[PDB]
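Report on one structure; see the data block that follows.
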Amino acid sequence: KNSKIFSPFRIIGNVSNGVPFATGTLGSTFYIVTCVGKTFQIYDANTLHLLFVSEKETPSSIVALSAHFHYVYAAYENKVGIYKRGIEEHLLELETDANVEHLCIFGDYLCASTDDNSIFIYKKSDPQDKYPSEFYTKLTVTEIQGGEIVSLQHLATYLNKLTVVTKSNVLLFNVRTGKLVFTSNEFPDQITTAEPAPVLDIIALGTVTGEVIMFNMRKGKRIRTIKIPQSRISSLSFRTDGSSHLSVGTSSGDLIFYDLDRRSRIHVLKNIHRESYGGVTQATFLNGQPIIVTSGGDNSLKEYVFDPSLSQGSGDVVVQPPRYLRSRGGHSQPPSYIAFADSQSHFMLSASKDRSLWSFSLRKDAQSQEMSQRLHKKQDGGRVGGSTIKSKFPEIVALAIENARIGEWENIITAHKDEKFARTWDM
Amino acid sequence: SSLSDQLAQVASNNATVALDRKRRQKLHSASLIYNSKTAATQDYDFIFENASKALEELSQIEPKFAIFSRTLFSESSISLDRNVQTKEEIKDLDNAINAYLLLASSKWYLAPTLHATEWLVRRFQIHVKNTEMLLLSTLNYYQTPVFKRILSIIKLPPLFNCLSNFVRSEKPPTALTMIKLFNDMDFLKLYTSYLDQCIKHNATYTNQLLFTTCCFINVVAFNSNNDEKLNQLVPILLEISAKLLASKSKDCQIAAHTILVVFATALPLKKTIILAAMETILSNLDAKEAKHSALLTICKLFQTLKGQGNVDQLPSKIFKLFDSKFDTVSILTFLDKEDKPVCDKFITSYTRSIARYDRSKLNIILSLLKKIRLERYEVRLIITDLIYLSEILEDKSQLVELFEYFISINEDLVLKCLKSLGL
Amino acid sequence: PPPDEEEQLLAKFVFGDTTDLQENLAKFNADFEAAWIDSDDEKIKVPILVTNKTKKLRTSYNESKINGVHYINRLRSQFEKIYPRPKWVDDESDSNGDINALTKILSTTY
Amino acid sequence: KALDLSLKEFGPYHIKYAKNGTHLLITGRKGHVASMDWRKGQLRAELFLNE
Amino acid sequence: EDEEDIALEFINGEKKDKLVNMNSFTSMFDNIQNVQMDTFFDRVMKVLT
Amino acid sequence: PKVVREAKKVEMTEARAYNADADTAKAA
Amino acid sequence: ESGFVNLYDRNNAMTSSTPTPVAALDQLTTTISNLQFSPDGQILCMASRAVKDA
């Protein structure tokens with residue numbers, strides 16, 4: 001179905017489609033690889049400029065994403081792609097009929113997980129080789145060990161050990177042996193998220209109910225337990241900057257910053273992502289930085305920061321609340337109508353079904369500005385017949401724009417759905 | 001960062017080091033008692049002699065200062081310097097100075113304490129190195145020339161910007177600006193940590209506690225509109241109340257009662273939170289005046305809360321704790337008091353709890369009902385649970401006597417309840 | 001010959017000795033096993049001098065290989081050098097009416 | 001006293017102390033010239049020169 | 001009698017109280033010196049009830 | 001004057017890290 | 001018509017026989033033209049015909 005005139009290039013105005021992103025670094029440059037359906041992008045995190053984008057589409061949507069140093073590991077319908085700067089360079093077809101559900105990488109061992117509880121371990125062809133290509137082995141977890149595979153992690157300082165967190169317990173698999181070396185005890189609550197703490201041998205498990213279990217593998221024991229009820233825990237992160245703060249992102253779209261030393265709730269952020277689209281699908285501290293990147297499923301990606309404390313002596317007791325820092329976003333729904341703002345092809349207006357007009361840049365995606373809806377005061381200065389609370393206009397069914405006199409009066413006219421008047425907009 | 005900001009940082013790091021005669025005359029002229037000229041012209045041995053006399057006076061007052069005579073008030077304490085010492089010794093100095101300010105927070109009307117603190121200021125530079133502990137210490141004396149002098153000579157950390165307005169004027173700081181200081185949120189966390197240190201060292205007093213509670217009540221009154229601000233101000237004040245109840249002194253318990261009462265009548269809390277507050281109060285209740293104010297507090301809290309499950313019965317543990325720490329004759333004479341505060345929902349829940357659990361003191365129940373003027377839905381609830389208790393328990397003469405009392409007062413309600421449930 | 005006590009006092013006074021104050025300050029205080037092992041993880045031996053990070057991990061110039069348990073102990077010590085071990089995970093673990101039920105409800109509700 | 005200033009905008013900086021040992025003077029490669037007392041943390045003179 | 005009768009009974013049974021405006025406790029700073037904690041609590045409950 | 005809560009620029013400094021390729025090692 | 005509204009409780013007016021108002025509301029500055037309660041007795045609307053938004 002390929003053409004002789006056109007060719008797909010990229011996608012404007014998308015930051016995430018709900019699949020949890022992955023952070024990584026190249027020395028000073030911190031990057032964030034985020035999926036958009038069949039095509040991922042790689043953002044910077046120092047300034048959130050776009051850095052790379054996958055030039056070739058995947059035939060289906062990407063299911064899993066990971067990224068160590070200079071390689072991005074995508075997992076769509078059956079295969080794993082090892083890509084470099086968005087250029088696909090190694091495909092890896094699994095020898096099954098299932099779909100790849102989880103993925104991790106450590107040392108010379110890629111570890112994928114297909115939904116019928118089937119783990120695949122891949123070895124690099126050389127210790128100095130860059131990506132695992134050779135198929136090492138395949139393991140399976142039947143139902144006597146645990147439930148469905150929820151997550152794969154690799155704890156630090158574990159020679160060829162892989163931590164498999166299922167819905168019921170926590171297993172340790174040695175891939176050099178291909179053997180389950182240690183199964184943990186049973187938890188009455190189904191586990192949803194896992195996170196390797198920067199402390200040794202300890203993983204945090206967020207369950208379906210409000211339980212954050214700090215569990216140690218060496219003792220095989222629940223060291224600590226934090227109770228948040230009426231909440232499904234959806235993301236966990238640890239401040240590695242030099243303080244003991246935990247970030248719990250619950251699927252009602254909330255963030256809670258806990259202090260583990262004083263056993264306190266430092267702060268809570270309400271509705272940083274839309275609850276209807278899953279809420280906070282990932283919250284992640286930057287490694288060694290007081291900056292948390294929070295992505296939702298509503299095509300929104302924010303970055304918050306922690307200021308230094310104002311108290312000279314106390315500090316960690318008098319900790320500052322999280323300041324909002326930079327962000328990108330898009331539409332919740334698909335856009336309804338689009339137009340080009342000028343002959344230079346720099347900006348594009350797009351109105352969607354979510355009752356919102358947005359002007360996107362084209363060059364580098366740093367300028368995805370929502371167009372405000374803040375009414376101008378009338379020249380008469382009289383009263384307007386309207387309610388007490390603001391609410392966005394209905395969806396835009398037609399649009400027209402000119403640039404012959406921009407910045408001297410209005411130059412966009414938008415016709416809304418089921419509305420007996422069209423609005424003007426200043427560009 | 002901008003180079004001006006980085007040089008400001010290095011100035012704040014080398015703040016207390018005198019690198020010329022002018023900066024030395026500044027750091028030495030800043031004094032607590034003497035003015036600028038004589039403060040500049042006098043000397044360390046003069047100051048230390050006055051310090052030793054003032055502190056032996058203070059040890060005569062109370063024997064706690066002898067350790068500071070041993071370690072902070074010696075001739076080697078003349079000889080040393082802050083900056084030439086290492087980081088560990090700096091931290092140890094700050095710990096000793098915080099202990100001393102915590103101790104001398106309570107005698108600020110005494111010229112001996114003023115003289116000892118003058119020595120500490122002009123030798124160890126507390127008014128430059130650690131101003132937060134000193135200001136949290138002497139905040140409650142905000143209408144005193146000592147506090148005005150501290151405000152004139154101090155360098156202000158960024159939280160005390162209202163006092164930064166009030167520097168070098170001639171009027172004391174106002175109650176309104178004290179309210180603004182405590183109305184800032186992070187300053188409340190600062191003062192929370194300070195009160196926690198004060199509690200864990202068990203050195204609190206009536207004037208400090210009174211100023212604390214008056215500021216807190218005025219703060220929640222100033223925030224009596226913003227429900228988001230009230231909700232995010234719940235954990236601070238309620239945690240201060242929790243640890244102030246964990247303390248043992250009757251002053252701390254009455255201050256916690258006051259904060260709890262005003263908070264629960266300014267913002268409608270949850271039933272579980274009010275039951276938890278009642279549980280901690282009943283657990284740590286010890287003394288007579290604390291008992292009196294605590295009974296008034298439970299009255300106020302149950303009079304505030306209102307919802308589905310308003311007058312339901314107390315749980316087993318809370319009810320047993322209440323009848324342990326309180327007697328029927330005491331609650332009876334409290335009802336017999338002349339003021340008669342509105343114990344409607346509280347007496348209703350207490351009566352239903354007694355009727356479920358004990359089923360013995362029904363004459364005491366009758367005395368409560370005859371003493372208090374009840375309310376219609378509460379009497380309806382009482383009659384329904386009494387119907388259930390009559391049908392479960394064996395029939396009692398005092399039980400049918402309570403029924404006859406209802407015949408005296410509104411038999412028709414008993415008829416409506418019995419026709420909804422029974423004959 | 002050791003010094004006398006009174007001449008030690010005189011020496012302190014003359015030289016301006018402050019270590020007695022220093023000890024008073026530093027002594028001042030407010031008076032008022034595992035679950036699993038692995039045989040191949042024990043008996044595994046890895047090379048050492050083949051890369052710079054493990055040449056950093058080692059301790060002896062002439063050693064070239066070490067077994068798995070010592071290798072992983074050196075690795076854990078390096079990981080500790082990276083991330084300092086915190087008190088919340090070191091010194092704390094969970095395992096008539098009370099006084100902190102109010103605090104527990106304050107913890108459990110927003 | 002042992003400082004570490006980072007001004008990454010302009011070129012490799014040149015350091016000269018006074019003969020007393022109190023004032024420092026840095027000159028960047030593009031236009032930054034700063035003379036600072038540097039102990040009491042006071043900026044005596046800052047000059048931006050594109051030359 | 002129905003649930004509407006019970007609900008109206010509860011509404012009629014509820015009574016009013018003195019609310020907490022922002023300018024009520026501003027006299028305790030003036031009458032806080034040299035007092036007792038008990039008497040301060042009595043003044044608080046007086047200005048509340 | 002109320003308390004100033006000024007914002008400032010954030011600088012993402014260098015981040016040391018742990019090596020999973022040092023964790024996974026070959027057998028003897 | 002002085003904008004004032006005196007609010008009484010029946011259970012005590014009927015026995016006091018020269019009662020005191022439970023409240024004396026004054027938030028309007030022109031004559032009162034509509035006093036109406038809620039259908040359950042919780043809200044009292046007072047509307048003045050003289051000035052707009054009253």
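Here's how to read the names in the structure tokens: chain A, B, ... by the order shown, residue numbers from 1 in each chain, ligand numbers from 1 in the order shown.
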
If we count only C-alpha atoms and set the cut-off at 10 Å, which residues sit around range 27-35 of chain C, ignoring sequence neighbours fewer than 6 positions away in its own chain? Please answer as a ChimeraX atom specification.
/A:182,184,217-221 /B:64,67-68,71,92-93,95-96,99-100,103,200-203 /C:21

Within 12 Å of residue 128 in chain A, counting only C-alpha atoms, which residues show up once you throw out same-chain ones fewer than 2 positions away? Write them as a list in words, please.
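The neighbour list is residues 107, 108, 123, 124, 125, 126, 130, 131 and 132 of chain A; 51 of chain C; 21 of chain F.
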
Write down as a PyMOL selection string the residues of range 117-327 of chain A whose backbone DSSP state falls under strand (DSSP E).
chain A and resi 118-124+132-140+149-153+161-166+170-174+179-183+191-196+202-207+211-216+221-227+233-238+245-250+254-259+264-270+280-285+291-296+300-305+323-327

Would you save the residues of that selection, restricted to C-alpha atoms, as an mmCIF file, in the first residue's frame?
```cif
data_model
loop_
_atom_site.group_PDB
_atom_site.id
_atom_site.type_symbol
_atom_site.label_atom_id
_atom_site.label_comp_id
_atom_site.auth_asym_id
_atom_site.auth_seq_id
_atom_site.Cartn_x
_atom_site.Cartn_y
_atom_site.Cartn_z
ATOM 1 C CA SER A 118 6.851 -17.397 29.304
ATOM 2 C CA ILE A 119 10.188 -15.730 29.944
ATOM 3 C CA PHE A 120 12.815 -15.528 27.201
ATOM 4 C CA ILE A 121 16.477 -14.870 27.995
ATOM 5 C CA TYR A 122 18.819 -13.628 25.271
ATOM 6 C CA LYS A 123 22.604 -13.495 25.514
ATOM 7 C CA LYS A 124 24.910 -11.113 23.691
ATOM 8 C CA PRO A 132 21.777 -9.224 22.930
ATOM 9 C CA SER A 133 21.155 -11.095 19.696
ATOM 10 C CA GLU A 134 21.739 -14.764 20.499
ATOM 11 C CA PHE A 135 18.856 -16.683 22.068
ATOM 12 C CA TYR A 136 20.110 -18.075 25.368
ATOM 13 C CA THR A 137 17.177 -19.918 26.940
ATOM 14 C CA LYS A 138 13.455 -19.946 27.649
ATOM 15 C CA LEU A 139 11.840 -20.395 31.063
ATOM 16 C CA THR A 140 8.199 -20.717 32.080
ATOM 17 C CA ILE A 149 3.750 -12.103 35.323
ATOM 18 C CA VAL A 150 3.509 -8.488 36.456
ATOM 19 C CA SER A 151 7.065 -7.208 36.253
ATOM 20 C CA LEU A 152 10.674 -8.153 35.609
ATOM 21 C CA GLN A 153 13.447 -6.388 37.490
ATOM 22 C CA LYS A 161 19.600 -13.227 39.162
ATOM 23 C CA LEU A 162 16.327 -11.878 37.794
ATOM 24 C CA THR A 163 13.464 -10.789 40.043
ATOM 25 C CA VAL A 164 10.105 -11.841 38.615
ATOM 26 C CA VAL A 165 7.148 -10.244 40.381
ATOM 27 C CA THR A 166 3.854 -11.996 39.720
ATOM 28 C CA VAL A 170 8.185 -12.772 44.169
ATOM 29 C CA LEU A 171 10.490 -15.255 42.453
ATOM 30 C CA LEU A 172 14.237 -15.259 41.827
ATOM 31 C CA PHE A 173 15.475 -16.914 38.641
ATOM 32 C CA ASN A 174 19.125 -17.598 37.873
ATOM 33 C CA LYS A 179 16.542 -22.332 37.789
ATOM 34 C CA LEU A 180 14.115 -20.836 40.287
ATOM 35 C CA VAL A 181 16.556 -20.330 43.143
ATOM 36 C CA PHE A 182 14.181 -18.738 45.675
ATOM 37 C CA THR A 183 10.444 -18.165 45.846
ATOM 38 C CA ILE A 191 0.784 -6.933 43.094
ATOM 39 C CA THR A 192 0.642 -4.234 40.412
ATOM 40 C CA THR A 193 3.918 -2.287 40.454
ATOM 41 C CA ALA A 194 7.493 -3.052 41.441
ATOM 42 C CA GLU A 195 10.467 -0.790 42.039
ATOM 43 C CA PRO A 196 14.081 -1.602 42.996
ATOM 44 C CA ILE A 202 15.040 -4.352 48.637
ATOM 45 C CA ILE A 203 12.151 -3.925 46.221
ATOM 46 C CA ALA A 204 8.972 -1.932 46.776
ATOM 47 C CA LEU A 205 5.699 -3.493 45.672
ATOM 48 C CA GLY A 206 2.540 -1.476 45.134
ATOM 49 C CA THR A 207 -0.496 -3.699 45.204
ATOM 50 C CA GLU A 211 -0.242 -1.174 50.160
ATOM 51 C CA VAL A 212 3.355 -0.220 49.449
ATOM 52 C CA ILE A 213 5.395 -3.148 50.764
ATOM 53 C CA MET A 214 9.097 -2.532 51.270
ATOM 54 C CA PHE A 215 10.281 -6.130 50.942
ATOM 55 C CA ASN A 216 13.824 -7.440 51.390
ATOM 56 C CA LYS A 221 10.849 -10.435 54.747
ATOM 57 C CA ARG A 222 8.484 -7.472 54.693
ATOM 58 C CA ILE A 223 10.696 -4.797 56.223
ATOM 59 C CA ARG A 224 8.199 -1.952 55.981
ATOM 60 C CA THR A 225 4.615 -1.361 54.941
ATOM 61 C CA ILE A 226 2.776 1.826 53.999
ATOM 62 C CA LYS A 227 -1.019 1.897 53.898
ATOM 63 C CA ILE A 233 -1.037 2.148 43.254
ATOM 64 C CA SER A 234 0.288 2.693 39.747
ATOM 65 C CA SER A 235 3.846 4.042 39.992
ATOM 66 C CA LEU A 236 6.721 4.074 42.467
ATOM 67 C CA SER A 237 9.935 6.058 42.549
ATOM 68 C CA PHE A 238 12.794 6.805 44.939
ATOM 69 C CA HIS A 245 11.633 10.407 49.769
ATOM 70 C CA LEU A 246 9.333 7.946 48.049
ATOM 71 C CA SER A 247 6.868 8.933 45.333
ATOM 72 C CA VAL A 248 3.690 6.883 45.046
ATOM 73 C CA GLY A 249 1.563 7.603 42.017
ATOM 74 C CA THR A 250 -1.888 6.200 42.387
ATOM 75 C CA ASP A 254 -2.532 11.456 42.477
ATOM 76 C CA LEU A 255 1.048 11.754 43.635
ATOM 77 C CA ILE A 256 2.122 11.300 47.256
ATOM 78 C CA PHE A 257 5.605 12.214 48.448
ATOM 79 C CA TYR A 258 6.445 10.179 51.542
ATOM 80 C CA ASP A 259 9.409 10.698 53.823
ATOM 81 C CA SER A 264 5.488 10.955 57.160
ATOM 82 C CA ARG A 265 3.528 12.216 54.177
ATOM 83 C CA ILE A 266 5.529 15.230 53.060
ATOM 84 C CA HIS A 267 3.110 16.249 50.358
ATOM 85 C CA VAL A 268 0.349 15.261 47.968
ATOM 86 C CA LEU A 269 -0.382 16.440 44.430
ATOM 87 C CA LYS A 270 -4.002 16.174 43.314
ATOM 88 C CA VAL A 280 -0.480 8.661 36.662
ATOM 89 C CA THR A 281 0.860 5.873 34.501
ATOM 90 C CA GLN A 282 4.460 6.616 35.455
ATOM 91 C CA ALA A 283 6.218 8.810 38.002
ATOM 92 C CA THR A 284 9.987 8.663 38.079
ATOM 93 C CA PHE A 285 12.706 10.567 39.885
ATOM 94 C CA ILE A 291 13.189 16.452 39.448
ATOM 95 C CA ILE A 292 10.343 13.997 38.985
ATOM 96 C CA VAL A 293 8.986 13.271 35.514
ATOM 97 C CA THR A 294 5.303 12.328 35.657
ATOM 98 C CA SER A 295 3.485 11.053 32.591
ATOM 99 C CA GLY A 296 -0.184 10.227 32.379
ATOM 100 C CA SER A 300 0.490 14.709 29.113
ATOM 101 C CA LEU A 301 4.058 14.691 30.413
ATOM 102 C CA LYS A 302 5.084 17.009 33.238
ATOM 103 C CA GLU A 303 8.299 17.600 35.151
ATOM 104 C CA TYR A 304 8.167 18.867 38.734
ATOM 105 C CA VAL A 305 11.076 20.061 40.855
ATOM 106 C CA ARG A 323 7.124 23.470 42.434
ATOM 107 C CA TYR A 324 5.625 23.021 38.997
ATOM 108 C CA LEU A 325 8.260 22.998 36.275
ATOM 109 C CA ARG A 326 8.089 22.322 32.601
ATOM 110 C CA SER A 327 5.704 20.144 30.651
#
```

Write out as a JSON list (two decimals) with C-alpha atoms, in the first residue's frame each polymer residue whose atoms come within 8 Å of residue 6 in chain G, counting only C-alpha atoms; drop sequence neighbours fewer than 4 positions from it.
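Written output follows (part.json):
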```json
[["chain", "number", "residue", "atom", "x", "y", "z"],
["G", 21, "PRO", "CA", -35.87, 37.75, 66.82],
["G", 22, "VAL", "CA", -33.46, 34.87, 66.50],
["G", 23, "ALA", "CA", -31.76, 36.97, 63.85],
["G", 24, "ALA", "CA", -31.85, 40.47, 62.37],
["G", 25, "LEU", "CA", -30.58, 40.24, 58.81]]
```

Please identify every residue of chain D that has at least one atom no farther than 10 Å from an atom of chain B, counting only C-alpha atoms, and for each give the shortest atom pair and the distance in Å to one decimal, arranged by chain then increasing number, as JSON lines.
```
{"residue": "D:1", "atom": "CA", "partner": "B:14", "partner_atom": "CA", "distance": 8.1}
{"residue": "D:3", "atom": "CA", "partner": "B:10", "partner_atom": "CA", "distance": 8.3}
{"residue": "D:4", "atom": "CA", "partner": "B:6", "partner_atom": "CA", "distance": 9.5}
{"residue": "D:5", "atom": "CA", "partner": "B:6", "partner_atom": "CA", "distance": 7.2}
{"residue": "D:6", "atom": "CA", "partner": "B:1", "partner_atom": "CA", "distance": 7.3}
{"residue": "D:7", "atom": "CA", "partner": "B:1", "partner_atom": "CA", "distance": 6.8}
{"residue": "D:8", "atom": "CA", "partner": "B:1", "partner_atom": "CA", "distance": 8.9}
{"residue": "D:9", "atom": "CA", "partner": "B:1", "partner_atom": "CA", "distance": 9.9}
{"residue": "D:22", "atom": "CA", "partner": "B:19", "partner_atom": "CA", "distance": 10.0}
{"residue": "D:34", "atom": "CA", "partner": "B:3", "partner_atom": "CA", "distance": 8.9}
{"residue": "D:36", "atom": "CA", "partner": "B:7", "partner_atom": "CA", "distance": 8.4}
{"residue": "D:37", "atom": "CA", "partner": "B:7", "partner_atom": "CA", "distance": 9.3}
{"residue": "D:38", "atom": "CA", "partner": "B:7", "partner_atom": "CA", "distance": 7.0}
{"residue": "D:39", "atom": "CA", "partner": "B:14", "partner_atom": "CA", "distance": 7.1}
{"residue": "D:40", "atom": "CA", "partner": "B:11", "partner_atom": "CA", "distance": 5.3}
{"residue": "D:41", "atom": "CA", "partner": "B:11", "partner_atom": "CA", "distance": 4.3}
{"residue": "D:42", "atom": "CA", "partner": "B:7", "partner_atom": "CA", "distance": 6.4}
{"residue": "D:43", "atom": "CA", "partner": "B:7", "partner_atom": "CA", "distance": 7.1}
{"residue": "D:46", "atom": "CA", "partner": "B:3", "partner_atom": "CA", "distance": 9.4}
```

Return as an NGL selection string the residues belonging to chain C that are within 8 Å of chain B, counting only C-alpha atoms.
:C and (16-18 or 21-22 or 24-26 or 28 or 30 or 32 or 96-103 or 105-106)

Those residues with N, CA, C and O atoms, as a compact mmCIF listing (two decimals), in the first residue's frame please?
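Saved result, result.txt, follows:
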```
# COMPACT_ATOMS: atom_id res chain seq x y z
N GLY C 16 46.67 27.70 76.29
CA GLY C 16 45.34 27.88 75.76
C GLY C 16 44.75 26.58 75.26
O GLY C 16 44.15 26.55 74.17
N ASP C 17 44.91 25.51 76.01
CA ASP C 17 44.40 24.21 75.60
C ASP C 17 42.88 24.20 75.64
O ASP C 17 42.27 24.65 76.61
N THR C 18 42.28 23.69 74.57
CA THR C 18 40.83 23.63 74.47
C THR C 18 40.32 22.21 74.26
O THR C 18 39.14 22.04 73.93
N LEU C 21 37.51 21.40 76.89
CA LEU C 21 36.25 21.92 76.39
C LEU C 21 35.74 21.09 75.23
O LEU C 21 34.53 20.87 75.08
N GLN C 22 36.65 20.63 74.37
CA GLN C 22 36.24 19.86 73.21
C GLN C 22 35.63 18.53 73.62
O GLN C 22 34.61 18.12 73.06
N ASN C 24 34.23 17.97 76.56
CA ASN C 24 32.96 18.29 77.20
C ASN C 24 31.86 18.50 76.17
O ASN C 24 30.74 18.02 76.35
N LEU C 25 32.18 19.19 75.08
CA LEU C 25 31.20 19.41 74.03
C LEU C 25 30.83 18.11 73.33
O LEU C 25 29.65 17.84 73.08
N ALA C 26 31.83 17.28 73.03
CA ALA C 26 31.55 16.05 72.30
C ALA C 26 30.91 14.98 73.17
O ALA C 26 30.37 14.00 72.64
N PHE C 28 28.73 16.01 75.63
CA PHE C 28 27.53 16.67 76.09
C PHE C 28 26.31 15.99 75.51
O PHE C 28 26.28 15.67 74.31
N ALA C 30 21.71 15.88 76.19
CA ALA C 30 20.56 16.45 76.88
C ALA C 30 20.13 15.51 77.99
O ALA C 30 19.49 14.48 77.74
N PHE C 32 18.07 16.28 80.54
CA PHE C 32 16.65 16.47 80.81
C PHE C 32 15.82 16.03 79.61
O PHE C 32 16.03 14.95 79.06
N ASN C 96 -6.73 -0.58 77.65
CA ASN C 96 -6.66 0.87 77.60
C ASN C 96 -6.31 1.36 76.20
O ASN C 96 -5.61 0.68 75.46
N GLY C 97 -6.79 2.56 75.86
CA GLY C 97 -6.53 3.11 74.55
C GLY C 97 -5.09 3.56 74.39
O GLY C 97 -4.37 3.82 75.35
N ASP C 98 -4.67 3.65 73.13
CA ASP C 98 -3.31 4.03 72.81
C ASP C 98 -3.20 5.55 72.72
O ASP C 98 -4.15 6.28 73.01
N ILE C 99 -2.03 6.03 72.30
CA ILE C 99 -1.76 7.47 72.25
C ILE C 99 -1.58 7.97 70.83
O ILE C 99 -1.64 9.19 70.61
N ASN C 100 -1.40 7.09 69.85
CA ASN C 100 -1.09 7.54 68.49
C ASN C 100 -2.09 7.03 67.46
O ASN C 100 -1.78 7.01 66.27
N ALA C 101 -3.29 6.62 67.90
CA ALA C 101 -4.33 6.26 66.94
C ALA C 101 -4.76 7.47 66.11
O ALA C 101 -5.07 7.33 64.92
N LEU C 102 -4.77 8.65 66.74
CA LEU C 102 -4.99 9.89 66.01
C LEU C 102 -3.96 10.06 64.91
O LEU C 102 -4.31 10.39 63.77
N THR C 103 -2.69 9.78 65.22
CA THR C 103 -1.63 9.90 64.23
C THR C 103 -1.81 8.87 63.11
O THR C 103 -1.53 9.17 61.95
N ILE C 105 -4.66 7.58 61.98
CA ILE C 105 -5.74 8.01 61.10
C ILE C 105 -5.30 9.20 60.26
O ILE C 105 -5.62 9.30 59.06
N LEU C 106 -4.52 10.11 60.86
CA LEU C 106 -3.93 11.21 60.11
C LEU C 106 -3.03 10.71 58.99
O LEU C 106 -2.96 11.33 57.93
```

Interface residues on chain C facing chain A, 7 Å, only C-alpha atoms, written as a ChimeraX atom specification
/C:33-36,72,75-76,83,85,87-88,93-94,108

Would you mind exporting N, CA and C atoms of the selected residues as a PDB file, in the first residue's frame?
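Written output follows (part.pdb):
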```
ATOM      1  N   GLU C  33      21.078 -13.058  59.228  1.00  0.00           N
ATOM      2  CA  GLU C  33      21.274 -14.181  58.321  1.00  0.00           C
ATOM      3  C   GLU C  33      20.373 -14.062  57.099  1.00  0.00           C
ATOM      4  N   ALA C  34      20.713 -14.802  56.051  1.00  0.00           N
ATOM      5  CA  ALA C  34      19.975 -14.757  54.801  1.00  0.00           C
ATOM      6  C   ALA C  34      18.818 -15.752  54.840  1.00  0.00           C
ATOM      7  N   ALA C  35      18.159 -15.932  53.698  1.00  0.00           N
ATOM      8  CA  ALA C  35      17.086 -16.900  53.559  1.00  0.00           C
ATOM      9  C   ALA C  35      17.314 -17.896  52.434  1.00  0.00           C
ATOM     10  N   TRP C  36      18.303 -17.671  51.576  1.00  0.00           N
ATOM     11  CA  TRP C  36      18.611 -18.596  50.498  1.00  0.00           C
ATOM     12  C   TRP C  36      20.081 -18.442  50.148  1.00  0.00           C
ATOM     13  N   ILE C  72      31.078 -10.563  44.949  1.00  0.00           N
ATOM     14  CA  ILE C  72      29.826  -9.880  45.223  1.00  0.00           C
ATOM     15  C   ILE C  72      29.911  -9.051  46.498  1.00  0.00           C
ATOM     16  N   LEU C  75      31.505  -5.946  45.220  1.00  0.00           N
ATOM     17  CA  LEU C  75      30.499  -5.230  44.444  1.00  0.00           C
ATOM     18  C   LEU C  75      29.510  -4.506  45.348  1.00  0.00           C
ATOM     19  N   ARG C  76      29.065  -5.165  46.420  1.00  0.00           N
ATOM     20  CA  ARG C  76      28.154  -4.524  47.358  1.00  0.00           C
ATOM     21  C   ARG C  76      28.812  -3.362  48.080  1.00  0.00           C
ATOM     22  N   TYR C  83      25.741   4.731  46.806  1.00  0.00           N
ATOM     23  CA  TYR C  83      24.568   5.184  47.540  1.00  0.00           C
ATOM     24  C   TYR C  83      24.770   4.950  49.026  1.00  0.00           C
ATOM     25  N   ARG C  85      24.014   4.206  52.824  1.00  0.00           N
ATOM     26  CA  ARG C  85      22.933   3.438  53.426  1.00  0.00           C
ATOM     27  C   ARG C  85      22.145   4.314  54.391  1.00  0.00           C
ATOM     28  N   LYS C  87      19.129   5.543  57.304  1.00  0.00           N
ATOM     29  CA  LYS C  87      18.700   5.081  58.616  1.00  0.00           C
ATOM     30  C   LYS C  87      17.299   4.497  58.592  1.00  0.00           C
ATOM     31  N   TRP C  88      16.450   4.940  57.657  1.00  0.00           N
ATOM     32  CA  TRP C  88      15.084   4.429  57.606  1.00  0.00           C
ATOM     33  C   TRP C  88      15.063   2.939  57.326  1.00  0.00           C
ATOM     34  N   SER C  93      12.240  -0.950  61.605  1.00  0.00           N
ATOM     35  CA  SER C  93      11.438  -1.992  60.978  1.00  0.00           C
ATOM     36  C   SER C  93      10.171  -2.178  61.801  1.00  0.00           C
ATOM     37  N   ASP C  94       9.098  -2.594  61.130  1.00  0.00           N
ATOM     38  CA  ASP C  94       7.804  -2.705  61.798  1.00  0.00           C
ATOM     39  C   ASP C  94       7.716  -3.966  62.651  1.00  0.00           C
ATOM     40  N   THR C 108      -3.524   7.748  57.448  1.00  0.00           N
ATOM     41  CA  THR C 108      -4.274   6.979  56.463  1.00  0.00           C
ATOM     42  C   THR C 108      -5.275   7.797  55.658  1.00  0.00           C
TER      43      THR C 108
END
```
